Amino acid sequence: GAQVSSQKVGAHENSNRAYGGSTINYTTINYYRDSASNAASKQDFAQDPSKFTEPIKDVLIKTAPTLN
Amino acid sequence: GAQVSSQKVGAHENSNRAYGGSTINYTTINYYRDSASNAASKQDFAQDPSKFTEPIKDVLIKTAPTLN
Amino acid sequence: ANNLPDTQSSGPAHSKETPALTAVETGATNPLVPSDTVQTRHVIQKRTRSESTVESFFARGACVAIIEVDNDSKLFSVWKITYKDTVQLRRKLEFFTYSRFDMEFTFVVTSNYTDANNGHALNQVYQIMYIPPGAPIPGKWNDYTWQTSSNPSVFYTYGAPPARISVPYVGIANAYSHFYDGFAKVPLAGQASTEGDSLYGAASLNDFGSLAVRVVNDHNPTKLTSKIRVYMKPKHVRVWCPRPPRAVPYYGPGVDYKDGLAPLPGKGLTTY
Amino acid sequence: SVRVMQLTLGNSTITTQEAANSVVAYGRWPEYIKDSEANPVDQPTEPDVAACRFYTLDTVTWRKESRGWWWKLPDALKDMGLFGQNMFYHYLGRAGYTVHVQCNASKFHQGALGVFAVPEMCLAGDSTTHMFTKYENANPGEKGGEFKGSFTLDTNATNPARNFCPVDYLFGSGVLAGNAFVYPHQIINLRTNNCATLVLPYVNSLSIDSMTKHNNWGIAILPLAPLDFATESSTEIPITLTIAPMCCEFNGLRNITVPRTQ
Amino acid sequence: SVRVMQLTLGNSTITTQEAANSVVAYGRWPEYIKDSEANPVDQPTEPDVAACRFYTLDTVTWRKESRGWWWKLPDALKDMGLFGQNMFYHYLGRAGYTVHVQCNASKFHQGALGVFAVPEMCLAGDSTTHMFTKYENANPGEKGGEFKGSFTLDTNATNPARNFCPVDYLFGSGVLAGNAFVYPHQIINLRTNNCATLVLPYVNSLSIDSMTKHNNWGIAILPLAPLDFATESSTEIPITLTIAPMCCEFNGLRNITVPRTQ
Amino acid sequence: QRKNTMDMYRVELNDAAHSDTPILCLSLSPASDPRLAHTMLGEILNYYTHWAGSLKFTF
Amino acid sequence: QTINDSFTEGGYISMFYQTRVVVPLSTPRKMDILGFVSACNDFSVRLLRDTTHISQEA
Ligand SMILES: COc1ccc(OCc2ccc(COc3c(Cl)cccc3Cl)cc2)c(Cl)c1
């Protein structure tokens with residue numbers, strides 16, 4: 001039940017282990033039945049800001065005149 | 001997600017385990033997502049000192065006259 | 001971190017190749033080996049440079065600060081983060097101009113009664129809060145800033161193994177500068193001398209922020225003092241541009257000197 | 001041969017008949033910023049031939065009593081033609097250099113000059129106040145500065161000089177001068193060569209920086225073996241310094257910068 | 001549409017919501033010298049973004065009594081940033097331009113400005129001595145000059161003005177102004193547009209010339225229909241001139257030129 | 001007179017003859033300049049120590 | 001940095017009249033302009049810290 005993800009290496013050691021292998025991976029295993037007990041995975045996604053930045057009914061191009 | 005490397009055995013015990021097998025290997029597993037949390041692998045490479053010892057434009061042979 | 005080459009046997013010579021002669025004016029070092037100037041035997045080399053790798057050279061926890069708090073404003077202290085408060089680690093780092101690494105901080109906490117026969121207190125808990133440049137600095141050992149809703153804090157219970165945390169490469173440049181030949185401001189023509197003046201070799205006024213330390217327990221009239229010794233170890237190290245090491249005593253954060261300007265002893269030219 | 005060369009950059013050519021090879025610092029030749037290392041997003045200006053050419057700074061004179069000289073880059077070139085113009089009109093600037101030091105004498109003269117190129121060449125000040133050297137003193141321009149034989153503390157509290165006090169054997173920074181050989185260098189030993197040539201790539205912890213606030217390289221010239229001639233206690237030979245910026249690219253154009261002086 | 005545009009050159013952008021198209025003089029867009037038309041053999045400098053950008057010269061004010069204004073290129077831009085620097089550091093220089101004249105009013109104002117770009121715009125002098133106008137007067141820089149309603153001969157023999165006397169209806173050169181429409185132009189009629197935009201290629205009988213000795217283009221602005229408003233005998237509307245050099249390339253680098261003034 | 005009122009958001013212009021003096025001046029310190037520090041952008045920047053990127057001003 | 005520091009200073013923003021604001025008769029001669037600020041798609045922040053924009057006394 002182990003989950004193996006890879007790390008985003010910031011500072012690199014003068015090793016090939018700093019660039020590949022299990023040496024740039026980390027392992028995770030959940031010990032509790034309730035999902036609330038789990039830690040945060042932090043592999044979180046993003047989205048389009050459009051719902052806030054452009055909640056416009058009739059879609060407009062920046063090059064084209066906004067007021068038409 | 002375990003990384004298995006081999007050790008450089010210095011003092012040898014009067015065992016065959018001191019010369020082979022998993023007995024001369026060591027195991028590693030990363031527990032943290034951030035690479036900063038990782039220990040140092042210490043399997044570090046070397047390089048050519050030339051950039052410091054001979055930062056000369058026109059490469060010269062030691063047997064051959066330096067001033068030509 | 002590897003092997004050294006073997007010595008090959010070398011016999012006598014009588015040739016027009018003269019590796020012994022050179023010209024150091026070029027700026028290069030003569031890459032001679034013993035067999036170039038003497039007769040050598042074959043030696044199978046087993047020594048390695050495993051311990052002199054840049055990583056192994058720095059792979060030690062060095063003391064960078066001793067923060068003190070008196071649990072009877074001294075109920076809390078603030079330490080501006082730096083590696084220049086001590087000399088040992090600083091001198092090693094300064095063998096290079098730039099560096100890039102992660103940091104491991106270990107905190108050794110000690111405390112004691114000032115009085116041999118007076119006072120008593122229950123076990124202390126310490127809070128080590130990191131205040132990034134910009135965050136509000138505590139004015140009292142118990143004001144709102146200690147809520148740490150965003151600042152990283154470490155709560156240490158006296159007597160427990162030393163606390164330890166890791167910090168990533170946090171520089172705003174692509175590498176840490178051990179030396180900065182410049183200013184943070186350029187004085188412009190026309191402005192008052194008070195204007196555009198800044199320290200030589202200084203970048204940001206607040207580079208990495210500081211640590212605020214306090215004892216969380218309610219203070220008792222008992223006289224107590226605690227000291228937090230901060231140990232830092234660079235891990236995952238890369239360094240650039242070597243420099244000669246510091247020969248005379250340090251005189252501040254800069255390369256300034258003043259006192260021990262005559263480091264070398266006397267020795268006869270023809271005395272072994 | 002190792003001894004005869006010709007350097008051509010823009011409309012300027014340098015010839016030498018007594019060289020001792022040339023040094024390319026850290027084995028890196030100057031280059032422009034790659035897209036993968038780029039930071040400022042605006043289109044850079046690259047003057048090319050107008051800025052990347054040989055500029056001759058003022059000639060200094062070597063005497064038996066000289067302690068040494070120093071210059072800072074790009075500082076020493078701030079008033080040099082179109083290179084200086086681009087430097088002051090832009091917030092950011094980057095450049096590499098070809099430093100050519102000239103010094104000829106005769107077969108009856110002796111002396112050796114150590115020419116060092118130092119990245120982040122921070123020098124020591126004159127007061128008990130740390131990092132007290134003021135901008136105007138730290139940036140002398142083409143005339144550069146000089147090394148001293150001893151440290152002398154400025155005590156005028158009313159009017160502090162706020163200047164450098166670079167002691168020669170301490171390499172002007174608290175390190176022993178004999179170890180300065182770990183920096184790219186050449187030696188002008190009068191019995192061997194006329195000059196020293198060093199190609200310096202851009203060195204910094206950033207891809208581009210402010211040329212007015214920050215000096216990337218420092219050039220230090222120290223008499224390793226003092227000047228001596230026949231029997232003339234009196235001997236003077238000039239040392240001319242010619243430097244050419246390379247791969248200049250500037251970002252952040254606005255109104256011109258006019259720094260405070262003296 | 002014909003009326004909305006955006007011009008971007010270097011770090012400068014111009015927007016307009018009331019244009020009347022743009023004119024490209026003689027149908028030629030500015031370009032660099034081709035190898036088949038090249039003359040000076042040295043490597044040219046091409047500042048690119050540092051020189052090819054929009055520079056705003058001083059704003060003039062249009063009143064019921066105004067007769068007209070004129071400027072000379074590259075003269076009007078000689079003190080403009082790095083363009084001016086390159087102009088003075090080089091013996092030879094070449095450039096095209098994007099001239100953008102700005103003038104907004106309201107729906108109750110009237111007036112029409114004729115904006116003409118003239119190659120070799122030679123103007124008439126003020127004395128009986130032929131070709132007597134002196135260099136300093138012929139090259140006013142960014143402030144340019146003005147047209148007059150009549151010719152007035154300078155009679156001060158002791159101290160001749162040696163200036164121009166451009167009469168408006170004579171187009172400042174002895175030709176009728178109504179025929180000036182044979183030159184690339186646009187008209188800023190207040191009831192129709194805000195501006196006039198002209199793209200000028202390099203025009204000359206040579207591929208490259210001296211920018212200090214020779215002005216390639218002249219910009220003439222004449223009130224074709226005078227300014228008038230509601231009932232305010234008093235009316236003033238500014239006319240701003242923004243010009244951007246294009247495809248700049250210079251040859252023959254040396255020490256900087258410092259021309260005599262006033 | 002305008003700070004902390006709805007007038008702090010209004011910058012007034014007029015039909016006066018052309019002048020070369022600035023209508024307004026600001027420093028690009030999005031998290032610290034008093035005029036930028038309290039915008040939604042400035043508010044978020046004050047929960048972080050570093051910022052990088054391009055900005056856009058619409059009038 | 002998110003603090004006023006010369007080492008990481010950003011520059012200046014200013015506005016000027018190019019020509020002038022022109023209005024006909026029976027029209028207001030003074031008017032307002034409003035300014036807006038937002039980040040572009042290449043904007044990022046790092047190192048979470050506490051804000052000085054909220055406090056708590058006692
Ligand atoms: C070139 O050599 C260098 C460069 C940077 C350095 O310091 C950078 C630095 C930045 C933030 C922190 C904050 O670390 C901490 C945190 Cl998050 C929580 C709790 C405690 C600490 Cl302690 C600590 C150090 C040092 Cl000490 C040497």
# chains A, B, ... in the order shown; residues from 1 in each chain; ligands from 1
>>> residues_near_ligand(ligand="ligand 1", cutoff="7 Å", atoms="only C-alpha atoms and all ligand atoms", output="short mmCIF file (atom, residue, chain, number, x, y, z; two decimals) with C-alpha atoms, in the first residue's frame")
data_model
loop_
_atom_site.label_atom_id
_atom_site.label_comp_id
_atom_site.auth_asym_id
_atom_site.auth_seq_id
_atom_site.Cartn_x
_atom_site.Cartn_y
_atom_site.Cartn_z
CA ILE C 81 19.87 35.28 10.84
CA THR C 82 23.52 35.19 9.71
CA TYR C 83 26.62 32.95 9.47
CA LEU C 93 32.34 29.12 3.32
CA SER C 99 27.28 28.72 -3.00
CA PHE C 105 19.39 23.44 11.67
CA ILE C 128 11.36 29.29 18.05
CA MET C 129 9.50 31.39 15.50
CA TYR C 130 10.97 32.33 12.14
CA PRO C 152 7.00 28.45 10.79
CA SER C 153 7.45 27.76 14.52
CA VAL C 154 9.24 25.02 16.43
CA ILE C 165 14.53 21.22 10.77
CA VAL C 167 15.40 24.66 4.95
CA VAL C 170 15.98 30.27 -0.24
CA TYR C 176 24.25 32.78 -2.38
CA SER C 177 26.94 35.48 -2.67
CA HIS C 178 29.69 35.27 -0.06
CA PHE C 208 16.88 36.32 5.64
CA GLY C 209 14.82 37.70 8.49
CA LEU C 211 14.39 34.12 14.82
CA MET C 232 23.77 24.71 10.86
#
>>> select_by_dssp(residues="chain G", states="strand (DSSP E)", output="list in words")
residues 12, 13, 14, 15, 30, 31, 32, 33, 36, 37, 38, 39, 44, 45, 46, 47 and 48 of chain G
>>> residues_around(residues="residue G:32", least_positions_apart="2", cutoff="12 Å", atoms="only C-alpha atoms", output="compact mmCIF listing (two decimals) with N, CA, C and O atoms, in the first residue's frame")
# COMPACT_ATOMS: atom_id res chain seq x y z
N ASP F 7 -12.90 59.30 -1.90
CA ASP F 7 -12.12 60.20 -2.73
C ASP F 7 -10.68 59.77 -2.91
O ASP F 7 -9.98 60.33 -3.76
N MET F 8 -10.22 58.81 -2.12
CA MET F 8 -8.86 58.33 -2.25
C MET F 8 -8.70 57.53 -3.55
O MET F 8 -7.59 57.32 -4.01
N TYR F 9 -9.82 57.13 -4.15
CA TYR F 9 -9.80 56.35 -5.39
C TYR F 9 -9.95 57.22 -6.63
O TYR F 9 -9.75 56.74 -7.75
N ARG F 10 -10.29 58.48 -6.44
CA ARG F 10 -10.51 59.38 -7.56
C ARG F 10 -9.37 60.34 -7.84
O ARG F 10 -8.93 61.07 -6.96
N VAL F 11 -8.86 60.30 -9.06
CA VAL F 11 -7.79 61.21 -9.48
C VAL F 11 -8.43 62.11 -10.52
O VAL F 11 -8.90 61.67 -11.56
N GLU F 12 -8.51 63.39 -10.18
CA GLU F 12 -9.14 64.37 -11.04
C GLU F 12 -8.27 65.00 -12.13
O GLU F 12 -7.12 65.36 -11.89
N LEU F 13 -8.87 65.15 -13.31
CA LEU F 13 -8.22 65.76 -14.47
C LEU F 13 -9.02 67.01 -14.84
O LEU F 13 -10.15 67.19 -14.37
N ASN F 14 -8.45 67.86 -15.68
CA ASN F 14 -9.15 69.07 -16.12
C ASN F 14 -8.73 69.48 -17.52
O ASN F 14 -7.72 69.00 -18.04
N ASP F 15 -9.50 70.38 -18.12
CA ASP F 15 -9.24 70.85 -19.47
C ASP F 15 -8.22 71.98 -19.58
O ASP F 15 -8.23 72.74 -20.55
N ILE F 23 0.63 63.83 -13.37
CA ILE F 23 -0.72 63.79 -12.84
C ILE F 23 -0.66 62.97 -11.54
O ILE F 23 -1.37 63.26 -10.58
N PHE F 59 -6.55 52.09 -16.53
CA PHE F 59 -7.16 53.34 -16.12
C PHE F 59 -8.48 53.56 -16.84
O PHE F 59 -8.58 53.32 -18.05
N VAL G 21 -6.89 67.66 -22.02
CA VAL G 21 -8.29 67.24 -22.03
C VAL G 21 -9.05 68.42 -22.63
O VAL G 21 -8.81 69.57 -22.26
N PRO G 28 -18.79 69.48 -18.24
CA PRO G 28 -17.92 69.58 -17.06
C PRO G 28 -16.44 69.64 -17.48
O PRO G 28 -15.99 68.85 -18.31
N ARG G 29 -15.69 70.57 -16.90
CA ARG G 29 -14.27 70.76 -17.23
C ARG G 29 -13.30 69.94 -16.39
O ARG G 29 -12.10 69.94 -16.65
N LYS G 30 -13.83 69.26 -15.38
CA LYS G 30 -13.04 68.42 -14.49
C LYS G 30 -13.74 67.07 -14.41
O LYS G 30 -14.97 67.01 -14.37
N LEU G 34 -10.09 56.38 -12.76
CA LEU G 34 -9.89 55.41 -11.69
C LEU G 34 -8.80 54.46 -12.16
O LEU G 34 -8.67 54.20 -13.35
N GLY G 35 -7.96 54.00 -11.24
CA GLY G 35 -6.89 53.09 -11.59
C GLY G 35 -7.12 51.70 -11.03
O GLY G 35 -7.69 51.56 -9.95
>>> interface_residues(of="chain A", to="chain C", cutoff="6 Å", atoms="only C-alpha atoms", output="list in words")
residues 11, 12 and 13 of chain A
>>> write_last_selection(atoms="N, CA and C atoms", output="short mmCIF file (atom, residue, chain, number, x, y, z; two decimals), in the first residue's frame")
data_model
loop_
_atom_site.label_atom_id
_atom_site.label_comp_id
_atom_site.auth_asym_id
_atom_site.auth_seq_id
_atom_site.Cartn_x
_atom_site.Cartn_y
_atom_site.Cartn_z
N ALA A 11 18.10 22.34 -4.69
CA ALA A 11 19.56 22.36 -4.68
C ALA A 11 20.08 20.95 -4.97
N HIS A 12 20.96 20.84 -5.95
CA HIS A 12 21.53 19.56 -6.35
C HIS A 12 22.92 19.31 -5.80
N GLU A 13 23.10 18.13 -5.24
CA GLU A 13 24.38 17.71 -4.69
C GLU A 13 25.21 17.27 -5.91
#
>>> closest_atom_pairs(of="chain E", to="chain A", cutoff="12 Å", atoms="only C-alpha atoms", output="CSV")
residue,atom,partner,partner_atom,distance
E:1,CA,A:65,CA,9.9
E:3,CA,A:65,CA,11.8
E:4,CA,A:65,CA,9.1
E:5,CA,A:63,CA,10.3
E:6,CA,A:63,CA,9.9
E:17,CA,A:65,CA,10.4
>>> interface_residues(of="chain D", to="chain F", cutoff="12 Å", atoms="only C-alpha atoms", output="list in words")
residues 39, 40, 41 and 42 of chain D
>>> residues_around(residues="stretch 233-241 of chain E", least_positions_apart="2", cutoff="7 Å", atoms="only C-alpha atoms", output="VMD selection string")
(chain E and resid 56 to 63 100 to 103 105 229 231 243) or (chain F and resid 18) or (chain G and resid 18 to 20)
>>> residues_around(residues="residue E:66", least_positions_apart="2", cutoff="10 Å", atoms="only C-alpha atoms", output="PyMOL selection string")
chain E and resi 61-64+68-69+146-149+222-223+226-227
>>> closest_residue(among="F:3, F:34, F:40, F:50", to="chain G", atoms="only C-alpha atoms")
F:50
>>> closest_residue(among="G:2, G:22, G:7, G:13", to="chain E", atoms="only C-alpha atoms")
G:22
>>> atom_distance(atom1="atom CA of residue D:114", atom2="atom CA of residue D:173")
16.6 Å
>>> interface_residues(of="chain E", to="chain D", cutoff="12 Å", atoms="only C-alpha atoms", output="MDAnalysis selection string")
chainID E and resid 9:12 41:53 55 80:90 248:257
>>> select_by_dssp(residues="stretch 24-154 of chain C", states="helix (DSSP H, G or I)", output="VMD selection string")
chain C and resid 24 to 26 34 to 36 54 to 58 88 to 93 144 to 147
>>> residues_around(residues="residue B:44", least_positions_apart="2", cutoff="6 Å", atoms="only C-alpha atoms", output="list in words")
residues 14 and 15 of chain A; 42 of chain B; 1 of chain C
>>> write_last_selection(atoms="N, CA and C atoms", output="PDB file, in the first residue's frame")
ATOM      1  N   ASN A  14      26.535  17.252  -5.753  1.00  0.00           N
ATOM      2  CA  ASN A  14      27.418  16.819  -6.832  1.00  0.00           C
ATOM      3  C   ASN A  14      27.389  15.283  -6.931  1.00  0.00           C
ATOM      4  N   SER A  15      26.186  14.735  -7.105  1.00  0.00           N
ATOM      5  CA  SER A  15      25.953  13.295  -7.221  1.00  0.00           C
ATOM      6  C   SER A  15      25.006  13.055  -8.368  1.00  0.00           C
TER       7      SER A  15
ATOM      8  N   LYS B  42      26.090  11.377  -0.548  1.00  0.00           N
ATOM      9  CA  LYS B  42      27.545  11.315  -0.440  1.00  0.00           C
ATOM     10  C   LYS B  42      28.258  10.496  -1.522  1.00  0.00           C
TER      11      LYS B  42
ATOM     12  N   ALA C   1      35.332  12.496  -5.652  1.00  0.00           N
ATOM     13  CA  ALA C   1      35.396  11.617  -4.455  1.00  0.00           C
ATOM     14  C   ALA C   1      36.001  10.300  -4.859  1.00  0.00           C
TER      15      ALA C   1
END
>>> residues_around(residues="residue G:39", least_positions_apart="3", cutoff="12 Å", atoms="only C-alpha atoms", output="JSON list (two decimals) with N, CA and C atoms, in the first residue's frame")
[["chain", "number", "residue", "atom", "x", "y", "z"],
["A", 49, "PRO", "N", -8.59, 31.14, -14.10],
["A", 49, "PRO", "CA", -9.12, 32.25, -13.30],
["A", 49, "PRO", "C", -10.31, 32.92, -13.98],
["A", 53, "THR", "N", -11.81, 36.53, -13.49],
["A", 53, "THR", "CA", -11.20, 37.53, -14.36],
["A", 53, "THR", "C", -12.04, 37.93, -15.57],
["F", 30, "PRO", "N", 4.76, 46.94, -4.90],
["F", 30, "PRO", "CA", 3.40, 46.40, -4.78],
["F", 30, "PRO", "C", 2.94, 45.98, -3.39],
["F", 39, "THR", "N", -4.43, 46.86, -1.97],
["F", 39, "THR", "CA", -5.24, 46.38, -3.08],
["F", 39, "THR", "C", -5.29, 44.86, -2.86],
["F", 40, "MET", "N", -6.13, 44.14, -3.59],
["F", 40, "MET", "CA", -6.20, 42.69, -3.44],
["F", 40, "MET", "C", -4.82, 42.08, -3.69],
["F", 41, "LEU", "N", -4.13, 42.60, -4.70],
["F", 41, "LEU", "CA", -2.78, 42.16, -5.05],
["F", 41, "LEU", "C", -1.82, 42.40, -3.87],
["F", 42, "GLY", "N", -1.82, 43.62, -3.34],
["F", 42, "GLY", "CA", -0.96, 43.96, -2.22],
["F", 42, "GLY", "C", -1.26, 43.17, -0.96],
["F", 44, "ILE", "N", -2.40, 40.07, -0.72],
["F", 44, "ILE", "CA", -1.88, 38.72, -0.89],
["F", 44, "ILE", "C", -0.35, 38.71, -0.80],
["F", 45, "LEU", "N", 0.29, 39.72, -1.39],
["F", 45, "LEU", "CA", 1.75, 39.83, -1.36],
["F", 45, "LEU", "C", 2.29, 39.99, 0.06],
["F", 51, "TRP", "N", 8.26, 38.13, -4.46],
["F", 51, "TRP", "CA", 7.33, 38.25, -5.57],
["F", 51, "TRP", "C", 8.13, 38.41, -6.86],
["F", 52, "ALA", "N", 7.57, 37.96, -7.97],
["F", 52, "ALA", "CA", 8.23, 38.07, -9.28],
["F", 52, "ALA", "C", 7.16, 38.00, -10.34],
["F", 53, "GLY", "N", 7.36, 38.71, -11.44],
["F", 53, "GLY", "CA", 6.38, 38.67, -12.51],
["F", 53, "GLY", "C", 6.02, 40.05, -13.02],
["F", 54, "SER", "N", 5.14, 40.08, -14.01],
["F", 54, "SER", "CA", 4.70, 41.32, -14.62],
["F", 54, "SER", "C", 3.37, 41.77, -14.03],
["F", 55, "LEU", "N", 3.12, 43.07, -14.08],
["F", 55, "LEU", "CA", 1.90, 43.67, -13.56],
["F", 55, "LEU", "C", 1.28, 44.53, -14.64],
["F", 56, "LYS", "N", 0.00, 44.84, -14.50],
["F", 56, "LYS", "CA", -0.67, 45.70, -15.46],
["F", 56, "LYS", "C", -1.61, 46.67, -14.76],
["F", 57, "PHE", "N", -1.53, 47.94, -15.18],
["F", 57, "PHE", "CA", -2.35, 49.02, -14.63],
["F", 57, "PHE", "C", -3.38, 49.47, -15.67],
["F", 58, "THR", "N", -4.65, 49.40, -15.31],
["F", 58, "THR", "CA", -5.72, 49.82, -16.21],
["F", 58, "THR", "C", -6.36, 51.10, -15.66],
["G", 36, "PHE", "N", -6.68, 50.69, -11.77],
["G", 36, "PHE", "CA", -6.82, 49.29, -11.38],
["G", 36, "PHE", "C", -5.48, 48.58, -11.54],
["G", 42, "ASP", "N", 2.50, 35.45, -15.46],
["G", 42, "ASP", "CA", 3.84, 34.98, -15.15],
["G", 42, "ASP", "C", 4.24, 35.42, -13.75],
["G", 43, "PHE", "N", 3.24, 35.80, -12.96],
["G", 43, "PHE", "CA", 3.45, 36.29, -11.60],
["G", 43, "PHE", "C", 3.42, 35.16, -10.59],
["G", 44, "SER", "N", 4.35, 35.19, -9.63],
["G", 44, "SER", "CA", 4.40, 34.19, -8.58],
["G", 44, "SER", "C", 4.98, 34.79, -7.30],
["G", 45, "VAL", "N", 4.66, 34.17, -6.17],
["G", 45, "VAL", "CA", 5.14, 34.61, -4.85],
["G", 45, "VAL", "C", 5.66, 33.37, -4.12]]
>>> atom_distance(atom1="atom CA of residue E:220", atom2="atom CA of residue E:54")
19.2 Å
>>> decode(residues="stretch 68-81 of chain E", atoms="N, CA, C and O atoms", output="tab-separated table (two decimals), in the first residue's frame")
chain	number	residue	atom	x	y	z
E	68	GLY	N	2.06	78.02	-38.89
E	68	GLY	CA	2.60	76.71	-39.19
E	68	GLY	C	3.91	76.43	-38.47
E	68	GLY	O	4.52	77.34	-37.92
E	69	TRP	N	4.34	75.18	-38.51
E	69	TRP	CA	5.56	74.73	-37.84
E	69	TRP	C	6.36	73.81	-38.76
E	69	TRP	O	5.80	73.21	-39.68
E	70	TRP	N	7.65	73.67	-38.50
E	70	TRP	CA	8.50	72.78	-39.28
E	70	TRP	C	9.61	72.20	-38.41
E	70	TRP	O	9.99	72.79	-37.40
E	71	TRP	N	10.08	71.01	-38.78
E	71	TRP	CA	11.16	70.31	-38.09
E	71	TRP	C	11.99	69.64	-39.17
E	71	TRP	O	11.53	69.47	-40.30
E	72	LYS	N	13.22	69.26	-38.83
E	72	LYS	CA	14.11	68.60	-39.76
E	72	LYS	C	14.57	67.28	-39.13
E	72	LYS	O	14.76	67.22	-37.91
E	73	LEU	N	14.70	66.23	-39.94
E	73	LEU	CA	15.15	64.91	-39.45
E	73	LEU	C	16.48	64.56	-40.12
E	73	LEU	O	16.62	64.71	-41.33
E	74	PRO	N	17.43	63.96	-39.38
E	74	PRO	CA	17.41	63.56	-37.96
E	74	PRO	C	17.59	64.65	-36.91
E	74	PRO	O	17.55	64.37	-35.72
E	75	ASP	N	17.80	65.89	-37.34
E	75	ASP	CA	18.01	67.02	-36.44
E	75	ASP	C	17.14	67.07	-35.17
E	75	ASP	O	17.67	67.17	-34.08
E	76	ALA	N	15.82	67.02	-35.32
E	76	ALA	CA	14.91	67.08	-34.18
E	76	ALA	C	15.12	65.99	-33.13
E	76	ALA	O	14.70	66.15	-31.98
E	77	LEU	N	15.79	64.91	-33.50
E	77	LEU	CA	16.05	63.79	-32.61
E	77	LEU	C	17.50	63.68	-32.13
E	77	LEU	O	17.84	62.72	-31.45
E	78	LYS	N	18.33	64.67	-32.45
E	78	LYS	CA	19.74	64.64	-32.08
E	78	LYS	C	20.06	64.53	-30.59
E	78	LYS	O	21.14	64.08	-30.22
E	79	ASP	N	19.12	64.94	-29.74
E	79	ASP	CA	19.33	64.86	-28.30
E	79	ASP	C	18.47	63.77	-27.68
E	79	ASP	O	18.34	63.70	-26.46
E	80	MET	N	17.88	62.93	-28.51
E	80	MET	CA	17.01	61.87	-28.02
E	80	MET	C	17.72	60.57	-27.65
E	80	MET	O	18.17	59.83	-28.52
E	81	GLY	N	17.82	60.33	-26.34
E	81	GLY	CA	18.44	59.13	-25.81
E	81	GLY	C	19.66	58.58	-26.52
E	81	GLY	O	20.60	59.32	-26.85
